[PDB]
């Protein structure tokens, strides 16, 4: 009708496209993308994907690492589960056309060159120079566009899932499609399907500073909540420790792989401060390094700290970090000759919508894979290159559960249209924009790197003003990007803060002055609607 398919996939990064392909030979699939098909975090991925390929590494080692980096509450089934499947999934990417950097030289013959990053104990991250993401996204996209059973709809923003029991369909609660703002034609179209998969990315953008593209507004999570899904661990948001501090680096990350290959992290004065913090140094886990840099900033009153791989051969550097070199040069910084100014910024959402081994949420017919989800793999803190990994494995497992269910699926029934609201107000629309800035700022201050109970109350409080506020002035506003993004950020901020308030302890990326100590028995934080 308006739109019908077998499986609807909201999001076209690693998670969704790779899910797409797996399901394509036998299913009719629509992939949505809020902006052009390639703008998502996946495209901007640098460092690489973790797997275990060397005879010297082991799965066991990869598990342990993760369990460690995750500060004690990862879920082992998930981590193992997942640690035991990449390569395969990674291989599957390769079989799809992905070129990861070829070595030339174990001491006899040809291999995949591998890096490492913090918390890893052997060598295991397949990459493409320092721009893996490009290689990955570009390929997946290319195959998805050449596939008869996959339909990609760019610039199409989902607004909400259609849940049977909300539109007087009879039966148990089950998703049967979603309403989508068609950006180019400014209407909300109705889209039917037998299975919907959220693969929307993360929510880092609720914070004033981040590495992410402007899409990461967490719409997927908000949508799920609104539809009844439990969510978890949203207090565990990772601030990548090395983002660029330059007025013209709109938002810019210098991969951990730099440190993985020798880069140093320096104080504005030349000294290396990690040692004062963690014997693991430059390569300790991010919640820790990021806390350290935040500390030394506060302490010395410094705008920043520095990342330097100078002590290294200019030739290594430029072959391993082509993209970063070219881009720092254009701002007049030579990764080859000087320390680069860095600050911590919001990067990844370790929590999200709870989902089991196949990506199944709490709500029938609804899945969630990728960053938008919470599986248990990352516990309180993600280990570098486990994030792209998660997308693949769950794309996998989600394809296998789906293929089995599809055949016994209810028929594609007809659905109520969206009640296009239509009121306009040039001035009020400007305010929508003030609120965005307002949210992002206090989130940074009240639910940031160092936290306190009271600061959290301040966040909650402003969050509720914004919601009460939003309902009253906005409920009737003609939909538009700015507005949809705001409603969703706000929704998510709320869950981030409620989760942060529940954790009476400091663990992994949640650090509160009011509970410095580890509880003896802990777990995820879970909220259910």
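Numbering follows the first chain given and starts at 1.
Mean CA temperature factor is higher for 138-146 when stretches 138-146 and 225-233 are set side by side in the entry. Across the options 327, 454, 378, 205, the residue with the most elevated CA B-factor in the record is 327. Listed residues 368, 447, 409, 346 were ranked by CA B-factor as deposited; 409 comes out on top. Looking at the C-alpha B-factors along this chain, the one for residue 132 belongs to the middle third. Sorting the modelled residues of the chain by their CA temperature factor places residue 20 in the middle third. When the modelled residues of the chain are ordered by their C-alpha B factor, residue 464 lands in the lowest third. The deposited CA B-factor of residue 124 belongs to the middle third of values across its chain. In this PDB entry, the Cα temperature factor of residue 46 sits in the middle third of its chain's modelled residues.
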